[PDB]
Amino acid sequence: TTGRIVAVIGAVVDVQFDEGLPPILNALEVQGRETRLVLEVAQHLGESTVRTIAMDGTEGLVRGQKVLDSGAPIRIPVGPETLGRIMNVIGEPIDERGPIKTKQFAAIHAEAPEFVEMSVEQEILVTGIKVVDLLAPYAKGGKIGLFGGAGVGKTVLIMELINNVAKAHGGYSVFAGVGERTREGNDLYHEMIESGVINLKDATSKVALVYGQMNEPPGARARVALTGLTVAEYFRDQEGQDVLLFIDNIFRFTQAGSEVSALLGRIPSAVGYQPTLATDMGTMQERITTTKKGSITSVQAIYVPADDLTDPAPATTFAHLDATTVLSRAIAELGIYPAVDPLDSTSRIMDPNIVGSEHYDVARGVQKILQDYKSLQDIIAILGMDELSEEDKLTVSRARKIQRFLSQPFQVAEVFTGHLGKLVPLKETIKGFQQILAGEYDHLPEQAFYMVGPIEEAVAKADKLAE
Amino acid sequence: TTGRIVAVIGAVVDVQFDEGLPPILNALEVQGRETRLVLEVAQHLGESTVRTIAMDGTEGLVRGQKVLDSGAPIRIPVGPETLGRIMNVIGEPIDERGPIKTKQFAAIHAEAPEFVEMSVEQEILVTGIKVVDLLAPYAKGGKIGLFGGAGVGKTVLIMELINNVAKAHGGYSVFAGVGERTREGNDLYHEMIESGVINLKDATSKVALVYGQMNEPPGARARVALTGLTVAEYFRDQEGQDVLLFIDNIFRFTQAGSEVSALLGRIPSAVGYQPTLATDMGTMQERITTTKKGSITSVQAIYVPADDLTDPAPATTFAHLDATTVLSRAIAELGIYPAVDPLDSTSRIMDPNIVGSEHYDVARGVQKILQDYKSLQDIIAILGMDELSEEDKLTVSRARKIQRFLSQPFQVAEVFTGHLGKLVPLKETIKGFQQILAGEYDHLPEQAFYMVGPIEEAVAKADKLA
Amino acid sequence: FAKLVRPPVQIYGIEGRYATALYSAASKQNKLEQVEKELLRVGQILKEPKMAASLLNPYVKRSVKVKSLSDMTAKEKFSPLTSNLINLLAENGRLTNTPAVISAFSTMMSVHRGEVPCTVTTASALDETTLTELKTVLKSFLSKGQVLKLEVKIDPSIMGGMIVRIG
Amino acid sequence: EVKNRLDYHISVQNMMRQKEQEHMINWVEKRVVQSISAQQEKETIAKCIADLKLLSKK
Amino acid sequence: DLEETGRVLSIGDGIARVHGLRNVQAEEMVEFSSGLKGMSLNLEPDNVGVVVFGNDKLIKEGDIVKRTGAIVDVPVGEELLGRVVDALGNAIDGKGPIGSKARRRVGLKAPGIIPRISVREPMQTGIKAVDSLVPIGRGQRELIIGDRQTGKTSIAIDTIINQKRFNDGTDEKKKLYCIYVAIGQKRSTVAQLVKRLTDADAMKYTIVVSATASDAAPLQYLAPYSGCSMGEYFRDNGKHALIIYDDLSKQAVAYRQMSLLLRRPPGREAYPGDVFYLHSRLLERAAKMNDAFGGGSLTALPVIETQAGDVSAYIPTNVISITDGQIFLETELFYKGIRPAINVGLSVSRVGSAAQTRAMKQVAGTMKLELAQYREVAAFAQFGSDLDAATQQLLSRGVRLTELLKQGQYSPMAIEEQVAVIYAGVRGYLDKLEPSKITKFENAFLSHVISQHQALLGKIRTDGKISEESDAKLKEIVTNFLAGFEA
Amino acid sequence: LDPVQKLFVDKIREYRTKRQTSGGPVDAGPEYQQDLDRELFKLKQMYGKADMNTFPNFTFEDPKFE
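Residues numbered from 1 in each chain as written, not as in the entry; some residues may be left out. Chains lettered and ligands numbered in written order. Part of a larger assembly, values for the part shown. Heavy atoms only, no water. Residues with missing side-chain atoms left out of burial classes, pairs and counts.

Q: Describe the overall build of chain C, and please don't skip the residues or the numbers.
A: Counting its regular elements, chain C contains 7 helices and 0 strands. Secondary structure elements of chain C, listed N to C terminal, follow the sequence α-α-α-α-α-α-α. Relative to the 2.2 N^0.38 estimate, which gives 15 Å for 167 residues, the radius of gyration of chain C is 21 Å and therefore markedly larger than a compact globule would have. Taken over the C-alpha atoms alone, chain C extends approximately 70 × 35 × 35 Å along its principal axes. Within chain C, counting contacts between residues at least 6 apart in sequence, those at least 24 apart form 10% of the total. (Helix = DSSP H or I, 4+ residues; strand = E, 2+ residues; numbered from the N terminus. Rg over C-alpha atoms; globule rule 2.2 N^0.38 Å. Contact = heavy atoms within 4.5 Å.)

Q: Now, about the interface of chain E and chain A: what can you tell me, with residues and values included?
A: Taken together, the contact pairs 14 residues of chain E with 15 residues of chain A. Looking at the side of chain E that touches chain A, the elements that each hand over two or more residues are β4 (37-44) and α6 (275-284) of chain E. Here the side of chain E that touches chain A takes 4 residues from β4(E), the largest share from any one element. Pairing between strand β1 (residues 2-9) of chain A and β4(E): 2 bridges, direction antiparallel. (Pairing = 2+ DSSP bridges.)

Q: Before we move on, can you summarise the sheet that holds strand β13 (residues 206-211) of chain E with the specific residues and values?
A: Residue and element names in this part refer to chain E. With mixed pairing, the 9 strands of this open sheet are ordered in space as β9-β8-β13-β12-β14-β15-β11-β16-β17. Looking at which strands have only one partner, the edges of the open sheet turn out to be β9 (90-91) and β17 (348-349). Pairing between strand β11 (residues 143-146) and strand β15 (residues 297-305): 3 bridges, direction parallel. For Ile 144, the partnering residue across the bridge sits in β15 and is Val 303.

Q: Before we move on, can you summarise the arrangement of the chains with the specific residues and values?
A: Ranked by contact count, the leading pair among the 5 pairs of chains in contact consists of chains A and E. One finds no contact between chain B and chain C; the C-alpha atoms of the two approach each other to within 13 Å at their closest. Considering only C-alpha positions, the minimal separation of the non-contacting chain A and chain D is 20 Å.

Q: Explain the pairing of strand β12 (residues 143-148) of chain B to me, using residue names and the numbers behind them.
A: One ladder, built from 6 bridges, connects β12(B) with strand β16 (residues 295-303) of chain B; its direction is parallel. Bridged to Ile144(B) within β16(B) is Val299(B).

Q: Got a sec to walk through the domain arrangement of chain B? Specific residues and values, please.
A: Each assigned domain of chain B is listed here: domain 1 (1-73), domain 2 (74-349) and domain 3 (350-466). Taking only C-alpha atoms into account, the centre of domain 1 of chain B sits 58 Å from that of domain 3 of chain B. (Domains from an automatic or database assignment.)

Q: Outline the UniProt feature "binding site: Mg(2+) 2" in chain B, listing residues and values.
A: Under the present numbering, the feature "binding site: Mg(2+) 2" in UniProt falls on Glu180(B). In this structure, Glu180(B) sits in the loop between β13 (173-178) and α3 (182-195). (UniProt positions renumbered as here; feature names shortened; annotations may be inferred.)

Q: Explain the interface of chain B and chain E residue by residue, including any values.
A: At the interface, 10 residues of chain B touch 9 residues of chain E. Of all the secondary structure elements, the ones that give two or more residues to the side of chain B that touches chain E are β4 (38-46) and α9 (357-383) of chain B. Residue contributions to the side of chain B that touches chain E peak at 4 residues, all from β4(B). Residue classes in the side of chain B that touches chain E are distributed as 3 nonpolar, 5 polar and 2 charged. (Nonpolar A, V, L, I, M, F, W, Y, C, P; charged D, E, K, R; others polar.)

Q: Any chance you could break down the UniProt feature "binding site: ADP" in chain B for me, citing the residues and the numbers?
A: All names here are of chain B. Within this structure's numbering, the places UniProt gives as "binding site: ADP" are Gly 151, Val 152, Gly 153, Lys 154, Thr 155 and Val 156. The residue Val 152 is located in the loop between β12 and α2 (154-168) in this model. Following the sequence through the fold, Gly 153 ends up in the loop between β12 and α2.

Q: With reference to specific residues and values, describe helix α3 (residues 182-195) of chain A.
A: With 14 residues, α3(A) extends 19 Å from end C-alpha to end C-alpha; this agrees with the ideal 20 Å at 1.5 Å per step. At the exit of α3(A) stands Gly196(A), carrying a positive phi of roughly 85 degrees. (Expected span 1.5 Å × (residues − 1).)

Q: Just give me the short version of the environment of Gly421(B), but keep the residues and values in it.
A: Of note, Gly421(B) is situated in the loop between α11 (414-417) and α12 (426-437). With 370 residues separating them along the chain, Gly421(B) and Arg51(B) place their C-alpha atoms 51 Å apart.

Q: Run through the sheet that holds strand β17 (residues 323-326) of chain A, naming residues and quoting values.
A: All names here are of chain A. Strand order in this open sheet of 8 strands is β8-β14-β13-β15-β16-β12-β17-β18, and the pairing throughout is mixed. A strand with exactly one partner marks an edge of an open sheet, and here the two such strands are β8 (85-87) and β18 (346-347). Where strand β15 (residues 242-248) and strand β16 (residues 295-303) come together, 7 bridges link them in parallel fashion. Bridge pairing links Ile 247 to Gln 300 in β16.

Q: Pulling in residues and values, what's your account of unusual backbone geometry?
A: A cis amide bond, omega 0 degrees, links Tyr337(B) with the succeeding residue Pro338(B). A cis amide bond links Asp246(E) with the next residue in sequence, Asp247(E), at an omega value of 5 degrees. Examined against the element boundaries, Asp247(E) turns out to sit in the loop between β14 (240-246) and α5 (248-261). Notably, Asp307(A) is not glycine yet its phi reads approximately 50 degrees, a positive angle. Mapped onto the elements, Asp307(A) comes out in the loop between β16 and α7 (312-320). Phi at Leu21(E) takes a positive value of approximately 50 degrees, unusual for a residue other than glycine. Within the secondary structure, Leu21(E) sits in the loop between β2 (15-20) and β3 (28-32).

Q: Help me get a handle on the environment of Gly184(E), residues and values and all.
A: All names here are of chain E. Position of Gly 184 relative to the elements: it lies in the loop between β12 (176-183) and α3 (187-199). It is 3.8 Å that separates the C-alpha atoms of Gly 184 and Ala 213, two residues lying 29 residues apart in sequence. Setting aside anything within four residues of it in sequence, one finds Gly 184 in contact with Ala 211, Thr 212 and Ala 213.

Take a look at the structure:
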């Protein structure tokens, strides 16, 4: 059909479609566009007028301007050709490496695969990051939230995870730098190039980069998430791969939604969040899956607004999550990196069976002690800090060691730290703590334990410290 | 031409003018009204209907009633002969010393003087109040915005200053009772008369009164400030003058704005706010100045809405301030009149610069000590300072003493205080702190420092104590 | 829902939902002008307290209205669909509004009836024509020097910037 | 200390020209704005140029 | 003329619902009969919602609204340097016109990934603390966050002044063209400010974009974007510009208002949502380009003034989420005197090192660390009173370091000096002395080195680093200086 | 200085007539003279009330330390 811009009210372009309409969600192309203006249909407002969503900037546009419906929703390049490619929402070679010679298009409305398709079992994905596995044992294919509020090497960590993992598997990647600083995507870019994990000589990597930075129409930015999903589903099942899906930042997605929600006429409910908050997520998360024919191990960076998770949005988010990483900015403020919240960073799927009881218990004991330790905090702030009762001291110290031991060097922010990152596969870890648990190193003292990979290195560090 | 009341909803008078339809801000005078019932046009709503704001009150207005546009903004009598005189908003003497024989009129929109035109070299307006000068030093030409709780001697203070200052002054002063208690104006009246600064065989008082008291209808209160600006510009620019401009209270300006906002069919910003608080502010503020052509030394009463400063209104306001006066109720609760809190009450013009570092530093130690103390009181609140370091104890007490030493009698409100006013020139001010700071004093009672004049008086008092 | 004759602009809302209705209705069969006049007539037939008595009080119940503004508008003969649409606007409250509704349809200093462009003066082209930049030249021959305070006074107007160059 | 009095004299004469400029202007313009109007033929030039728009735009 | 002219449908609030103009270009800046400009934000089916740039006591309805036919561009050039301009690029310095007769679109969107090259340059401010602890690079973006006239501004100023020496360099690696966006800042303040720069005459390499308090709201709104275009200009000319957005906070307010006037809903914190987009997009335009673009930069110092340290203040939250770190200023230290008043425990440059000189890195790494404990040793085994020497040292040292970073209001500096003095304390050399004498010393030490060890200074600056030799040069020098301080 | 010839001829012509007179450049006008004298005062305040037709001069001193 043809539309006329009948109203441009901001980048909300209400199009009165003239020759009828196209159905909902149809991607529309504005006639008279140097950079095709994909409009996403939102309401058929009636009167063959739709409220549409600009997916480009709306500048210069003549009101009335002619729109030709793409006859579908947003359909996007798909094909293996996306590996080692930076695509935008509309797939576009924002790699700036010429058009992607994709062999398939897809409407980016991918939907929820069926109940039956879902692999009912997963296996703990071990990250080899002690803490991680330990408290939130991740499952291959899992939906991981990285809650964490801002800045805390968060992204760094994430990247590092990518290093650790994506390299390490035949698992493919999608990285969606959504809403991210173009700059950080740049930075990031260079890292992959550098890493050679974006290897471009063979364009392929194993990785789709999808970027929808914080300078793009929110709806569009909102939709870049779908885009990636659609692609990945293709890789997931069709390419059969365990794709690792990095989303940074699903909060911003939600946000993007909310910003528009108003404009979408939806009354964006509490905390400003879109009233459709539930559906937005619901559909999305439900679009996400690890099925039987593949995994999308979904790593969702989740900015925690104001570190408020009780913020309805994260609160919702939580529902979808099955492994949560809540990074604690306080702990971060305690300087750490592991900066995480640990007594919040879970997977409901920790098991005395599946992680075995050893792990499980160790974690539980540990978690407990930390929790206990926390209790002791209550004495100490005002009542003593190398001072009160002592058995509790014993634990205090132990907790403290545990803390330090929980700290592990950053493996690329060695650039900053000079600490070579470390990693400890699971048993040595479990054991590790057991030794500490065993209270072995009590002759030994704290700081030796800090920022290590396996415990020996701490032992070693002790020695260096005895000078 | 003439307009019709098409709708009256309060002082938003929806007027359909067809016959003409002048710009916005054209003052209309209502036909069928014995009163000079000004509506000042607010919106051209279209349909040659304007939304006007009656400045005035309304009633007895049969709708359709004819309004004749007076065709311009409020033009108000001007000339030096306004000194003494209390004029209402519309510039008619509400001193009622007959009328005024103006010289000219002025549209009560007056604008921003130019960036290029400014002379802007802040110099302390001294005040002789230890607490003030020291802590919240005032600058000649400065805009000091007096945040302060209700009745806290806020008014008192301003007055008190007015005495102290406006006397000494050579430029004139304007008192704008905006939304003020008429009563307080009555009171004010009588001192002014009394004081003979308003000498009434003098329309050449050092002070012109413009009153647009609490009682006015909103519009009048809303706009009266603009008026006042216009006057002072007259005296400054036209009459040279360093004006001291007493505004009680700009808050009511604000209030008025917000109040109307609704009726102005607006989306009224938070708390109902006028979002045009901002524009209002700018538009006012910029009229406020201290040109090359002189000073409007601007004494702006700012009621702190709900004493929330956080409150966007004050929040904005700060930007425009140059000297901030926070009267601090907490302090007030500590009985103190002076009730200021200078970690709050700050002055841009308080600087090691503008007012000496001595001041600053002596202060920085103070500000510090207090700042620390401020940190302490809460731990202490539990703990007392008992098992908490003695040096601190000393210092705390000192900080406090310094606090006490800042307590200063009111000469005006000797009735109120009992206490008999004190005024302390700078040096003795410096000295004071430096001494207390020296711990020299400290072998002494805290309350010795209370309601003193110069440190001597504390000394005197120490004896009198012990 | 039907695709309709929507000869553009055409103020789509605004008593012009109806205008636009008849911009498909009337144009269907093109009984436009005929009806335009129906409307005109009606215009004052209404707007007197007489048809618009129910304006005067709508308390009179809408039924009554569609039986007094006519049994249709019925008493006359302005009725192609005119009356049915009358009997709709009535009820649909758009009756007090009607001049404008009529306008919207009708009235066409420009809208499918004529034209109006200007930079200077009342330059009410008036003509449904394909051009007018001659039909102005035309007009500038009823005069070509004359007064021109009979609309644009370009005198202050252009005399505006120059005062700027100086300042 | 030298410069500022020199610059003052210039700056005043500059400021003193602009004011004379506006006041000069105001009398010259407020006199002759009135007289012009007799020229019908600027509305001669309005139409003329208006044809070189009405024709010569499209 | 016709069509792409309008009659003011309604006017109030400088919001002209405009009848006509219909085939209009989206966001076309339009032109008033008054000659005021306006912007076509909302093309509604039956009006054009036009924000009037100016104000509407000056106009009335039915008035001809004529398109300008232009979507905003602003004059661009670099003859903005030495200039205070308004957003439209017009003198407000009132220094006749500006020489920037190119105009360049504000709405030009941010580049891609590819036209960038990330940072690896430092950016220096002379502010020891800054440059050290939240070491910054160029093309960056970093929040100045703090409350009011803490020399609120000062921070920027001294930095700018500091860049003077670099601008007195002939670099373009440090020769930094400074851009000051004044949002909401009364002329007086601004005047002072201008004046300050003037006095410093750093102004010569400086645009000051000033939307004071005054300005009809869009004007303040626009200004940043303006500044932005203007800054992108340098950036694409390889030139390194620093734009200070001070502050969007006021802008947002205005904007909300603008929206509200657009009868758009108060979003979160009564602020509409795409004020996020607003700034986000604005801020994305700050960058460090790669070499193809001359490598240029627009380094962004946005300023946000928190109200009551409120960062969950929605927009702050936002901005934080944008920021590459933030320079948190705290009151207390300020009240304590201590300027720095910063909480570096709350100030970050996530970056850290790309933004550095090895010189600085050499002392600072350690120092940061040391301060970390030092600060920390206020909390474990202390909430305020206790004793032991080991640690006491750390405190002592710490206290010293505090001074050492304590850099009063007004202080443009060069980094090696900074390092120089820093080195003394780091390398433990004055620990002894009291804070009071530090400053004095520091000064003294400075003329001394300045004079004498100008040699040395030459070197350190040169090496970008302190060589071990230069260190040694320090060691005796400092010791001796201290000694000289006596001896 | 100059643009639109149709007005400009007369307008510019009147301005030159000004210059071609020496009872002032055609006249002056009280209003200007009053402001001139005022503005002249103020800027002397701007840079002090010395007269920079002349320059400063200084004096000299010494004392013994030990």
